2 protein chains.
Amino acid sequence: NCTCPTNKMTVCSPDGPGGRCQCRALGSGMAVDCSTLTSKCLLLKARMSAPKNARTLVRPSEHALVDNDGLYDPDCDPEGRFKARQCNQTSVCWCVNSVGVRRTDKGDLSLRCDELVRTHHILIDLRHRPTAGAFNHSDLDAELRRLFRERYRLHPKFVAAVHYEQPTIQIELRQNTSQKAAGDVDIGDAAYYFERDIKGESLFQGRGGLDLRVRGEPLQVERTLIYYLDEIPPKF
Amino acid sequence: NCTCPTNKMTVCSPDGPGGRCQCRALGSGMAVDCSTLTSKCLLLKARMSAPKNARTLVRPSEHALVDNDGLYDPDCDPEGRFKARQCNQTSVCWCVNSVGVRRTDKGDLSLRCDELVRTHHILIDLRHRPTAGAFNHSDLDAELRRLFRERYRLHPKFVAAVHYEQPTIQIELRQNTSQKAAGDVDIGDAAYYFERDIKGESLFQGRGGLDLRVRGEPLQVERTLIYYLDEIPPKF
Ligand SMILES: *[C@@H]1O[C@H](CO)[C@@H](O)[C@H](O)[C@H]1NC(C)=O
Ligand SMILES: *[C@@H]1O[C@H](CO)[C@@H](O)[C@H](O)[C@H]1NC(C)=O
């Protein structure tokens, strides 16, 4: 059955040699490894994706803005990760980090981003709809570390810590470039998948969002904040 | 068995969901369709491909030149075809047709190639090593139309004509945009596969070169000339 479980934003078909199941990335057309997480850049491209022939639809405008200014259509290198320079505009350019947020001040078409700066620490701040009381910190740590271990296939050594107090929860992810091995999922990719699941727009095939139950009681998260820390501080 | 019969310039491995076979294009990392022909642009990216870590290998000198002046690493749009504007890396840019050869005078980074011009007529001019006599026009016509029908998976109507005289053979392919349907292989891609099989660098898995036998008598080709005709004439 032609599926891409880890990335639903794909188009597959049994149009392969001997009925083989080919599958490609929505929008970008890039190759997708459906066993593991797809890089955040290709998923962003698939998010915008500019439908091929609207026919009866209407486009977005030259002046129509969206809620999130950090939403755009990036250019992804032949490995899947972002390119160091993202010029989605007429002549306006800038430099981005691994997770795809802006690292410099907007320049022109003569800009030159040398290296793709690595976002090595990520802090995910969640706040859940207040239940009658608070949970136990141990169960929350167990559930969240298990989530990144199994669901997003992030190695347990990359979950630096989990902090809990009244409603507001925090999750630390620490992945240096020196401690990233062959075929390891990126904490940026895992954080993107986790924010999409938390916000009910999961990239997996079967699911629709995130269940996130802690010892029988569910956990519905109102507010989410995600901070990205780069090895080289951005130059503003 | 993880194999791509139509594109040998790919990297497959059974690391797909439940041991599924995923394959991706060399050099570009783009998704490939291994049942049919891959676009000439992705194969052009694969041809040069700048090996990932030379270690003991090298990079060709910045003053070193190659036999063909029209070989370069192109930018391929999401669908696989060439981007209308090609800039190898520098402040020199130009516009191309669908087959990738140049159309306009070399300019600068402000160039605006408004549309991707189609190549609608392709003429292949072969000259074979002289045997004791010539062949029959009928057998040559049948064999070449059969080769483009079965092997390159080109619909028979797109092979406009076949001409024969003393050694020199000609093949005329004709394909407008109006007569290209859903999932029709392009005359550019079929011609590129033909010219890689003619020169002994076949893009198929099992084969290495073109057998090209006409009623038994093997046909070895010395010289090949392939002319590309664009719907809009190239402006120089
Ligand atoms: C480029 O960014 C602008 C915001 O400055 C946005 O309106 C537009 O949709 C983006 N387009 C692409 C192709 O990323
Ligand atoms: C263009 O790319 C080709 C790739 O083979 C390379 O050999 C050539 O030197 C490049 N030329 C320029 C001007 O960048």
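Per the PDB record, the structure was determined using X-ray crystallography to 3.20 Å resolution.

Per the PDB entry, the recorded name for chain A is Tumor-associated calcium signal transducer 2, and the organism is Homo sapiens. Under its PDB record, the entry appears with the title "crystal structure of trans assembled human TROP-2". Recorded in UniProt for chain A, the comment headed Function runs: "May function as a growth factor receptor."

A. The state of the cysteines, seen in detail. Residue and element names in this part refer to chain B. Scanning all chains against the criterion turns up twelve disulfides over all chains. Here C12 engages in a disulfide with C23; their sulfurs sit 2.0 Å apart. Torsion about the S-S bond of the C12 and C23 cystine: about -70°, corresponding to left-handed handedness. Taken as a pair, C12 in strand β1 (residues 10-16) and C23 in strand β2 (residues 20-25) lie far apart in primary sequence, eleven residues in all. Indicated for chain A is the disulfide connectivity 1-4, 2-6, 3-5, 7-8, 9-10, 11-12, based on numbering the bonded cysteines in sequence order.

B. Inspection of the side chain of B:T38 at higher detail. All names here are of chain B. Mapping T38 onto the fold places it in the loop between β2 and α1 (40-48). Within the structure, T38 has its side chain in polar contact with the side chain of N7 (distance 3.2 Å). Those residues in contact with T38 that lie beyond four places of it in its chain are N7, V32, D33, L43, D189 and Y193.

C. Seen up close, the relation of the copies chain B and chain A. Structural alignment of chain B on chain A gives an RMSD of 0.4 Å, achieved by rotating through 179° and translating 0.0 Å along the axis. The transformation just described matches what one would write down for a two-fold rotation axis. The rotation axis passes nearest to the C-alpha of B:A31 in chain B, at a distance of 1.8 Å. In this assembly, 95% of the residues forming the interface of chain B have copies in chain A that are likewise at the interface, indicating an isologous arrangement.

D. Region of the structure containing the packing of aromatic side chains. On inspection of all chains with the given rule, the structure shows 15 aromatic pairs over all chains. For the ring pair B:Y72 and B:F82, a centre distance of 6.4 Å and an interplane angle of 35° mean the geometry is tilted. Highlighted residues: B:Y72 in the loop between α1 and β3 (85-86) and B:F82 in the loop between α1 and β3, separated in sequence by ten residues. Both residues of the pair, B:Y72 and B:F82, belong to the buried class. Considering the side-chain rings of B:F135 and B:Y164, the 6.2 Å spacing of their centres and the 45° angle between planes classify their relative orientation as tilted. Pair noted here: B:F135 is in the loop between β5 (119-128) and α2 (137-151) and B:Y164 is in strand β6 (residues 159-164), with a separation of 29 residues, a long-range link. The residues B:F135 and B:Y164 share a single accessibility class, namely buried. Ring-pair connections join several aromatic residues into one group, and the members of that group are A:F148, A:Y152, A:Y193, A:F194 and A:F204. Here A:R207 stacks its cationic end above the ring of A:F204, 4.5 Å away from the centre of that ring.

E. Summary view of the site of ligand 1. All names here are of chain A. Neighbouring residues of ligand 1: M48, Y72, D73, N88 and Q89. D73 has a polar backbone atom sitting 2.8 Å from an oxygen atom of ligand 1. Contact distances for ligand 1 include 2.5 Å between an oxygen atom and a side-chain N or O atom of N88. When the free accessible area of ligand 1 is taken as 370 Å², the share hidden by the protein chains comes to 52%. Of the residues contributing to the shell around ligand 1, the split by class is two nonpolar, two polar and one charged.

F. Region of interest: the site of ligand 2. Residues and elements named next belong to chain B. Around ligand 2, a shell composed of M48, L71, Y72, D73 and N88 is seen. In the environment of ligand 2, an oxygen atom lies 2.5 Å from a nitrogen or oxygen atom belonging to the side chain of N88. Protein chains bury 47% of the 360 Å² of accessible surface belonging to ligand 2 in isolation. Residues belonging to the shell around ligand 2 are distributed by class as follows: three nonpolar, one polar and one charged.

Conventions used here
- Residues numbered from 1 in each chain as written, not as in the entry; some residues may be left out.
- Chains lettered and ligands numbered in written order.
- Heavy atoms only, no water.
- Residues with missing side-chain atoms left out of burial classes, pairs and counts.
- UniProt positions renumbered as here; feature names shortened; annotations may be inferred.
- Disulfide = S-S within 2.5 Å.
- Helix = DSSP H or I, 4+ residues; strand = E, 2+ residues; numbered from the N terminus.
- Polar contact = N/O pair within 3.5 Å; in protein donor to acceptor, adjacent residues only side chain to side chain.
- Contact = heavy atoms within 4.5 Å.
- Least-squares fit on C-alpha atoms.
- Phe/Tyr/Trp six-rings, centres within 6.5 Å; stacked < 30°, edge-to-face > 60°.
- Buried < 20%, exposed > 50% of the residue type's maximum accessible area, 1.4 Å probe, protein only.
- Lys NZ or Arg CZ within 6 Å of the ring centre and 35° of its normal.
- Near = heavy atom within 4 Å.
- Areas by Shrake-Rupley, 256 points an atom, 1.4 Å probe, with all protein chains shown as cover.
- Nonpolar A, V, L, I, M, F, W, Y, C, P; charged D, E, K, R; others polar.

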